[PDB]
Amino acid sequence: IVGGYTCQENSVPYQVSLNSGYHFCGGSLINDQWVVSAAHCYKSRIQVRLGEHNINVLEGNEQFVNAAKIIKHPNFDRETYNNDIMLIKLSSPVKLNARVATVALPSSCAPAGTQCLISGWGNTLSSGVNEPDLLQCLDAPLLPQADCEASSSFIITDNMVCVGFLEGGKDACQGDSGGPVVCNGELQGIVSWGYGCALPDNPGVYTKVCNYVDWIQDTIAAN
């Protein structure tokens, strides 16, 4: 997260870190045994870390659980990142508490202008790379489709939504991928891609979660 602030300890209880020897993506706990992330974060073996604040220091609230089933959306297109969503079934249910909690699936698609919270351990610089130890937070609004593409060097599909600032300075970045965009307590987006990080005229692009609620529930029921 570029231009954000350090989240209060365990204030984003649904936030998880996908680890394969190192943190490489984020995700959201949607129930005691399922995590939703981005399909581009797929790896054959993943350890999901919950209850984290400082990813490099053991604090006493962590739960590390291996992924049992890693399911990418069948129509994920790696070229365009269309349908960039993935579900992870944990090897065992986690212990839900104050520091490890679930986030609700959306009941409807949030309107442009809605204020949301984006979080992650991704890159904090608009140039170069710096991985933070502590979970970063960013309050940003959902932008209208038209305003996003106005002066950007990219276009998006109907399964994508732009969240951020057209003036730049604040944005998600590499390493935040798969992470949550929560608006009014519901998961409305998943960190997916963008041109650079925090650049003027180029807001971040996120998977529009409200378009997949049915797929999510069916998959969870069938596995």
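Numbers for residues come from their place in the sequence shown, where the first is 1.
The stretch 40-48 shows the higher mean C-alpha B-factor when 40-48 is compared against 192-200 in the entry. Mean CA temperature factor is higher for 211-219 when stretches 211-219 and 18-26 are set side by side in the entry.
Residue-level inspection of the entry shows that, of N184, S177, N54, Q63, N184 has the top Cα B-factor. Within the group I85, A140, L96, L143, the record's highest C-alpha temperature factor is found at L96. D171: CA B factor lies in the lowest third for its chain, per the PDB record. In the PDB entry, a CA B factor belonging to the lowest third of its chain's modelled residues is recorded for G120.
Remark: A68 belongs to the highest third of its chain, ranked by C-alpha B-factor as recorded. Among all modelled residues in its chain, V163 ranks in the lowest third by Cα B-factor. For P74, the recorded CA B-factor ranks within the highest third of the chain. Only modelled residues enter the ranking.
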